[PDB]
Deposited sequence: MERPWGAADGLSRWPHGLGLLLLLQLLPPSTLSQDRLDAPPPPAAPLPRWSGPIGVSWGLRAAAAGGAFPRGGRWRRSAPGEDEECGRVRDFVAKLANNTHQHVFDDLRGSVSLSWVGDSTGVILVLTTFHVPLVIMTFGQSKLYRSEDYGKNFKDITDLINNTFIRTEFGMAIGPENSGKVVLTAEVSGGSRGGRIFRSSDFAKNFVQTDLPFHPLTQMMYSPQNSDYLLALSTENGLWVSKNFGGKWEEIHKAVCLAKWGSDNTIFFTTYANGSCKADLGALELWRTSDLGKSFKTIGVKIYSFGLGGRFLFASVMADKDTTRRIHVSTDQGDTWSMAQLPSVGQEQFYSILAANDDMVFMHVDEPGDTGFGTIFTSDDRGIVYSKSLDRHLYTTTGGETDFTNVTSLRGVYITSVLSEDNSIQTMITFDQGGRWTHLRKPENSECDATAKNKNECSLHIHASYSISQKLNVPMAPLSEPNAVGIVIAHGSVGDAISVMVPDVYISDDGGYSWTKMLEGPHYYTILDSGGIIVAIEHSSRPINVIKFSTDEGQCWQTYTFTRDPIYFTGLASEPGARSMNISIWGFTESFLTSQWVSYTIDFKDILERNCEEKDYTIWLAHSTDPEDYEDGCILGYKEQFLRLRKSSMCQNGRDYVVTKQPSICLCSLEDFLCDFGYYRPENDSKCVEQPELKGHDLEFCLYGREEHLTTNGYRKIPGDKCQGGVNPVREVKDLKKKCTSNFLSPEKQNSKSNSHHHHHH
């Protein structure tokens, strides 16, 4: 089959141990900027003392800098507030004496090399929020519920507004916030006012009233608005930062239900709407590019309370792929996969050489099911949720169960190399997995009940493995650490020695395992989303194909830190399949044509009344958001006003 030679040597000298002398309590880990190797470990003990370690070599060596934080006690509730991109900004929130006028923070703007102790004119209630546009601009909520803003990275603060419940950093240093008038935040629930500040407190605009909550998603601003002399509430959307608002074409909810943004981007949002009264499920809706028109995408979508378990996963290694869990009528849980951004959802293909477990009503015919957030929450034997990396094309790794529903059995690990069209059992039993060098290295740690001393690796995308002993003295494993972006060749194995417990981190560099750097010949041409290769339209997802250049499973070379995923789009001809029904239109049975509804019912009728001209004047069809098809079919429809078909039945005044 093929394996790596003299590998023990290549890794032996590349295995860097480091012990953590004083360690117990809340033990945090933080990476500081890309391509820096900066790791910040922070431990807190309760009698009192706080330990702070720093690295500059991808966690191979740490240098105790507890001295830099003037040997004070840090409140892990706030954690290490790290600055965007490579700003190098780090904020630590220290525990102060009960009497104190305000809180105290430690700030570094040089990747934790030098810290500034800074006392504050208030006590923080929230972690400090860095501005996306300006890393030197911060905002925070006082314990007294006041909005404070720093224009100089924590040095100088000023209470820009008082009675606030929630504040968010928008695009280009703009802030949005909910403001209560009466008692508290919990008292004015659905009575709050939504405000905006373009100039950091200098000017304000009340962009909302009778607000339950608000949130940002891609290009949209959503806000649940409470009904007048009514218990219910509904979503309203604003593409212009609160200047104009349109009602969303979504159902309304009572006080016992919630709305959740499952995923949002520049084209659309996946919106979860809770089903009425303690169901433990809801319905997924996909939006239009305006965030106004909504297409029902998935029924009985498993999502617990607002807080807040769902198996909703974006399969980041391949475009338009998402996986989630649905509740079956017999109260069993099934995994569903979408390949066209929730257009159509279906079961996952069962790994060819895998057996149908006890959950299957058929010995030979069934599907793969995935363990995610929910399995974990129900204390199942799941050490890790699915993992996909945008730089490792088509790779998905997850804990599975082959059958008709999610088994409670001890799961094995499964791998897909084509973004979830086809799967194969990667490893037997639970494991901790990580992707390195954009899929050049796959790493695995066994999830055992007893100490471990070995690590497994694959240079052919989990098709062939090679066990290596990182330590003579085994450890009780906790987790892995690798630099966000899956580009390093460095991995930190964490755990503790068998007791008299001492924490350790064995970091391994795979520089000598993958000595040769990849070249043109190591890459092959791969069409994503291929289904029927003899078809002109094969691979068309959202109107276009993407033909990639992918690393050969056989090739055992290094992509490098500077690797660019290379693809080539091919613009397909529009079919009606590239359009979704606009307001008031529907798709009968199997047919792909959009016919007008005989008569609007439910939340559709509500919108037909309480909505605006633009959205109701259709245009039987609308192009799927993010759909880039050209040519072919264009359903050229005269923009017909529908606020006649609703009012048609209602007797109306003069």
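A.B. asks: Deposited sequence versus model: which ranges have no CA atoms?
C.D. replies: Sequence ranges with no C-alpha atoms are 1-85, 133-139, 592-593, 749-762.
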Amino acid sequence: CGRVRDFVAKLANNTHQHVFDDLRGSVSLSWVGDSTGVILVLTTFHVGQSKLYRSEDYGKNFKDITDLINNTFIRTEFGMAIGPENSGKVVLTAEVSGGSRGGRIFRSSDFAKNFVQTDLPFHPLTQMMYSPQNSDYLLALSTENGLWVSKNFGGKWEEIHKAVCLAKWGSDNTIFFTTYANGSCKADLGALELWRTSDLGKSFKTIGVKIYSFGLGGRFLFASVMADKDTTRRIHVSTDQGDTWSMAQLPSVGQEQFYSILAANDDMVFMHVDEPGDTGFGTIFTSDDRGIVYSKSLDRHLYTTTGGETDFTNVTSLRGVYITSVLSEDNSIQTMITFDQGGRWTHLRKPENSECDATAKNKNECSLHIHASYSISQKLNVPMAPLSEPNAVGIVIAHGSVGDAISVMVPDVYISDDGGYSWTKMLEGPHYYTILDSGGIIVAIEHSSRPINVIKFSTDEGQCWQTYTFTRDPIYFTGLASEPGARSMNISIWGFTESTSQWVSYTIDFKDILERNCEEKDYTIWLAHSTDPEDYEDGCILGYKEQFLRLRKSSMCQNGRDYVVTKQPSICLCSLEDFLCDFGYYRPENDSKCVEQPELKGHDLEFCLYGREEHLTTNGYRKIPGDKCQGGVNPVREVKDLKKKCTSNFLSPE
From here on, numbers count along this sequence of modelled residues.
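Each form is matched to the other, and the largest set of C-alpha atoms that superpose within 1.5 Å is called the rigid core.
A.B. asks: For a rigid core alignment of each structure in 6 other deposited structures of this protein onto the shown form, which stretch has the higher root mean square Cα deviation: 640-648 or 10-18?
C.D. replies: It is 640-648 whose C-alphas lie farther from the shown form in 6 other deposited structures of this protein.
A.B. asks: Please tell me which region, 343-351 or 302-310, has C-alphas lying farther from the displayed form on average in 6 other deposited structures of this protein, with superposition done on the core.
C.D. replies: Farther on average in 6 other deposited structures of this protein: 302-310.
A.B. asks: As stated in the PDB record, which stretch has the larger average Cα B-factor, 386-394 or 468-476?
C.D. replies: For C-alpha atoms only, the mean B-factor is higher in 468-476.
A.B. asks: Could you settle it for me: does 115-123 or 560-568 have the higher average Cα B factor in the PDB entry?
C.D. replies: On average, C-alpha B-factors are higher across 115-123.
A.B. asks: Between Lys186, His529, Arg552, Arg234, which one tops the list for C-alpha B-factor in the PDB entry?
C.D. replies: When the deposited C-alpha B-factors of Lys186, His529, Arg552, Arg234 are compared, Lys186 is largest.
A.B. asks: In terms of recorded Cα temperature factor, pick the maximum from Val269, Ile513, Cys540, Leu436.
C.D. replies: Among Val269, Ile513, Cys540, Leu436, the PDB entry lists the largest C-alpha B-factor for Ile513.
A.B. asks: Is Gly254 in the lowest, middle or highest third of its chain when residues are ranked by C-alpha B-factor?
C.D. replies: Middle third by C-alpha B-factor.
A.B. asks: Where does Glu606 sit by CA temperature factor within its chain: lowest, middle or highest third?
C.D. replies: For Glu606, the deposited C-alpha B-factor lands in the middle third.
A.B. asks: Check where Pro588 lands among this chain's C-alpha B-factors and tell me if it's the lowest, middle or highest third.
C.D. replies: CA B-factor rank for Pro588: highest third.
A.B. asks: With respect to C-alpha B-factor, does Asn353 fall in the lowest, middle or highest third of the chain as deposited?
C.D. replies: Highest third - that is where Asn353 ends up once the chain's C-alpha B-factors are sorted.
A.B. asks: With respect to C-alpha B-factor, does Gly626 fall in the lowest, middle or highest third of the chain as deposited?
C.D. replies: Lowest third of the chain for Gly626's C-alpha B-factor.
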